[PDB]
DNA sequence: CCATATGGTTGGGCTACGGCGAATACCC
DNA sequence: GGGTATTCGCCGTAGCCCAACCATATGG
């Protein structure tokens, strides 16, 4: 999560700030990654 | 609002009283700020614990001392014979070759800059004795430094023995010299009624004067001190100096001794000064049982060393739990020295059996029957002490056994260091080359050397 | 020099395989079909 | 091998299979003509130094081939055992040192199969074994024979 | 606060406890001169 | 490697070769007409070193 | 007045899943 | 004992601590 700050444009910096993720130490792995960590639930509506 | 003479934490400031919270108890405390705001509020019940109130100077100087030769001591073919007839004993032809070699350097007007690893044998002051009788052959004085007062005592003893019917005035000045006699000797070498001065740090500290500072005998200078080397340099206003520093500086100047200092060591240890059976190992108490069984089979004496802060005594009690047979003491120092000599005569009387010593300084005698030695913390040590222990164990023709105990194998530089300790049999220049390897590992400029040497000539 | 390339003979990669195999102290019977052990160095570093 | 065949005649199919496996081994050694006494090692080889290149970088540091320092450890082991046998030492130290020399061979061949990987002290990534030079992706097969870089090449966009 | 349980030795002592990087005014992080960024992590909430 | 060749032919395990190679158990190479404490000695049999 | 205890100075040295497998008990 | 899945396992996936030495403090 200690990511390189990107400044290709102000929008790049802003979107990089507003980016959220589901991985990390304590996140998940790509190995057992199914589709539940990939599809969009109906509760994402207006939420993500 | 008051200052304090506080005993156990330095400067104190009484700043009133503090009724503070023990968890349920309002004990009273004192507002005390100390050195760097030591904000202690001690319980007031402890009232009696409180009362109300760089080197480039010497570099260019010794560079000029290189650039200025000085006086020669011509060979004086009666003075060195006068002492030389008095030695009723053989000298090593290696050491004799080095003797007349450095005597020839005395005949040079240049500053005599010699090191010799003449350690143990047929009188190792003997080269210094005949060089000194050349030096006082022109009446010049012989400074003689030392690591310790006991070696100073022993060497001034041998000088007296050499100069019973020879008027070469030797005199000891250190901690144990009586004070009236201390300034008597100070005045006498200041008057030239003393020719040889003897002693440790006090000689560098006591204000000395030289009628003719011809000789300056330094010896095993690594433990004497590198700042003590600089104090020697302060006492070295362009004079001619002797160095029996067989155990040298750890290459902060020893590689610089290559090139300018004359590396004139002797080799070929006596075949009969045979090695001790070295056993580098981990620790196991049964091997200890076997070794002390061998030593009681020969009835000999045992060396085991302890250098850790941990209780020498409860360690000894553990040993006696293992080994109730022998009689072990504790020669941790910070003791009255009556206990020290009483332990010495107890291992002379020998009912005491295992010398639990704790320093090679505390192992500063080679008891003959001590034909084993047990070391567990040699990783946390230095090599001069190591083969001084090796040179302090075992009388000749008694095949002693060295046991070295290191379960941790996790200190790779010190690991190969102990490897290059235990490979060496005896004094066949492994003194020299082992020190070479060690200080290669220890520290690890000719450009600025000869550069500023030139401008020193310009001075 | 302006010519075609020469043609490489026994592979030097395969040579270093033989070398490490003998470093594991094993025999390799590298041969022709008629059992000649063709020392690929032809006596460069073999006694 | 006759009594292994007798076990093959014995109805115990499990011991039939075990004796069958050992029979495969001994039959392979028989037709191979190898001497099974050669599985005990005495004549340790020497790697040529181009194959173990300790070449130096600019800043003093090297291409530190881990087997070279392993070789140094083995030399110290061998000479320690040599001088220990050269003095008539007590046997426990002799046994311990022989055991340690065996560990030295074991870690040199492949570190960390028996016990932990002894790394360089002051480090925790291991000492890359000769098997590691052989086995693995960076090992000889996959690395040095299947994928490489190339000279006389180019790259641009289309 | 050194507060000895049996003595009541009361020694208040401030200690320096590290140099904590400060999120900048826009919200970034200059680290070793270089600029970092942190993408916020989602994961499943605790509970039953 | 599984199986071990010594454990294949001389019929033992990695613990047993651990004991004999790294000096924890004796294995008998000549029975010498001895006895393994009542049961006799037989070649290829492990034995502790003090009991040896 | 001396001694023994204090302390000061360097010196020198070091520290959670998947495939196969392997006991794992189990049917006649 | 010969044979059966089985069931879960394993493998794979940067700190003092004393050693001399010195002066500093003190009761018979």
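Annotations
- DSSP bridge pairs, the protein assembly as shown: antiparallel proportion in percent, nearest 5: 45
- Most to least packed among D:103-114, B:11-22 [average Cβ atoms within 10 Å]: D:103-114, B:11-22
- Distance (nanometres) between label positions extended 7 Å along Cα→Cβ at residue B:293 and residue F:27: 3.0
- Chain E and segment B:140-167 have Cα centres lying 67 Å from one another.
- Highest-MSF residue in chain C out of C:20, C:12, C:33 [GNM, Cα springs under 10 Å]: C:33
- Averaged over residues, the count of other Cβ atoms within 10 Å places the peptides B:210-222, B:26-38, B:393-405 in the sequence B:210-222, B:393-405, B:26-38, highest first.
- Estimated FRET transfer efficiency when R0 is 25 angstrom, pair residue F:14-residue D:29 (beta carbons, to 0.05): 0.75
- Shielding by partners, peptide A:6-19 (average Cβ within 10 angstrom, other chains): 2
- Percent RCO, i.e. relative contact order, over chain D, from Cα pairs under 8 Å lying at least 6 residues apart: 11
- Placing a pseudo-label 7 Å from each Cα along the Cα-to-Cβ vector at residue F:45 and residue B:9 gives an inter-label distance of 7.5 nm.
- Cα-based shape type of segment B:108-242, given that a ≥ b ≥ c are square roots of the gyration tensor eigenvalues and the cut on a/c is 1.5: rounded
- Per-peptide average of other Cβ atoms within 10 Å, ordering B:98-107, F:41-50 highest first: B:98-107, F:41-50
- Separation between Cα centres of segment B:369-443 and segment B:22-71, rounded to whole Å: 39
- Inter-chain shielding of D:87-96 (mean C-beta neighbours from other protein chains, 10 Å cut-off): 5
- Summarising the strand pairing of chain B, around 30 percent of its internal DSSP beta bridges are antiparallel.
- Chain F, relative contact order in percent, only Cα pairs under 8 angstrom and at least six apart counted: 29
- A helix-only calculation puts chain B at -11500 deg cm²/dmol for mean residue ellipticity at 222 nm, using -39500 (n - 2.57) for each DSSP H run of at least four residues, averaged over all residues.
- Between residue A:28 and residue B:223, the C-beta separation translates, for a Förster distance of 56 Å, into a calculated FRET efficiency of about 0.30.
- The overall shape of chain D is oblate: from the C-alpha gyration tensor, with semi-axes ordered a ≥ b ≥ c, the ratio a/c is 1.5 or greater and a/b is no larger than b/c.
- With R₀ fixed at 41 Å, the C-beta to C-beta distance from residue B:261 to residue B:89 puts the FRET efficiency at about 0.90.
- Fewest-first sequence of C:7, B:191, B:439, B:349 by Cβ atoms within 10 Å of each Cβ: C:7, B:349, B:191, B:439
- Each principal axis of the Cα atoms in chain B has its own extent, and those three values, largest first, are 92, 65, 50 angstrom.
- Computed from the Kirkwood radius of its Cα pairs, the Stokes-Einstein diffusion coefficient for segment B:305-435 at 10 °C and 1.306 mPa s stands at 100 µm²/s.
- Within 10 Å of the Cβ of each residue in D:45-53, the mean number of Cβ atoms contributed by other protein chains is 3.
- Using C-alpha pairs below 8 Å separated by at least 6 residues, the relative contact order for segment B:67-127 is 52 percent.
Rule-based calculations on the coordinates, nothing more; no lab input. When we count neighbours, we look across all protein chains shown, and the Cβ atoms used for this are built from the backbone with ideal geometry, even at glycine.
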